[PDB]
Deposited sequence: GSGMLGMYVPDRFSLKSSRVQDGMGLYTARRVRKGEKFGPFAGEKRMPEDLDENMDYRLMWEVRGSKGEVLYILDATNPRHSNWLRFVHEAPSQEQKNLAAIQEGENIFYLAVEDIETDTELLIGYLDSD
């Protein structure tokens, strides 16, 4: 009875960086908007994963979105093949991972995560 939830400001359309679907905007994203937190299963050390680190840089745990039942729609955001295509960057605000829009994003554009650079 339940479909996986995708907010209505986004759409799944054919990805331009991988086979299958990717997450696209269905309306504009303004520079500075942030999305999340990223959801996943908390793993101890032993893509679809984010290390979560403490104030001092020590690894607290890994968030693993491999299982769709324990994650959310941020898992559909593919990695940017080259840093020029990136329009989201991962920020760890406290202990949560958020995806931050680092430029304005037009409607009908695939969201692609990468590193903040310069």
Query raised in the report: Do you know which deposited regions have no coordinates at all?
Result: 1-3, 50-57, 130
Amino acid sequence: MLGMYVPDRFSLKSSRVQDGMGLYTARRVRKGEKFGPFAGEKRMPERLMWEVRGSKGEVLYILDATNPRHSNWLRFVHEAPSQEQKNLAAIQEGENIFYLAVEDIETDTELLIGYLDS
From here on, numbers count along this sequence of modelled residues.
Query raised in the report: Looking at the entry, does 53-61 or 83-91 show the higher mean C-alpha B-factor?
Result: 53-61
Report summary line: As the entry reports it, the stretch among 12-20 and 105-113 with higher mean C-alpha B factor is 12-20
Query - Residue, from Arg43, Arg75, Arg27, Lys34, that the PDB entry assigns the highest Cα B-factor - result: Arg43
Query - Chain-relative CA temperature factor third for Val6 - result: lowest
